[PDB]
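Engineer: Sequence isn't available, so here's the structure alone:
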C-alpha cells in the first residue's frame, strides 16, 4: 500500500467509434482486459505547480 | 532503475555417483 515511483504497464488505450453512422461488427477486439477511449488525443493538463 | 521488471528462479539439484575412499573408519 504505497505510491509507485517507477513507471507501470498499460494495455494500452485505443480509440474507436465517433461518427454518426457506425455499422460495427464486434469481430476481434481483445478478450484480454483492455481500455477504449472515445475522444482522440485527450490528456490535457500541462500546468505544473512547484 | 528505470522500469520495474520481473525475474524467475528454480532451486537446482546437484548429485554425483558415490565416490571411492581408501581410508578406514572404525577399528
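Structural biologist: Looks like it arrived, so ask away. Numbers count the residues shown, from 1 in each chain, chains lettered A, B, ... in the order given.
Engineer: State the distance from the residue nearest to the spatial centre of chain A to residue A:49.
Structural biologist: Against the mean C-alpha coordinate of chain A, by CA atoms, centre = their mean, the closest residue is residue A:13 at 2.9 Å. Residue A:13 sits 26 Å away from residue A:49, going by CB to CB, to the nearest Å. (C-beta placed from N, C-alpha, C; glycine too.)
Engineer: Ok, residue A:27 next?
Structural biologist: Residue A:27 is 46 Å from residue A:49, by CB to CB.
Engineer: ok, the residue of chain B found nearest chain A - contacts?
Structural biologist: Here the residue of chain B nearest chain A is residue B:4; by CB to the nearest CB that distance is 4.3 Å. Counting by CB atoms under 8 Å, 6 or more residues apart in numbering or on different chains, residue B:4 makes contact with A:4, A:6, A:7, A:8.
Engineer: Leaving out the residues flanking it, which one is nearest to the residue nearest to the centre of chain A?
Structural biologist: residue A:35 (4.4 Å; CB to CB, 6 or more residues apart in numbering or on different chains).
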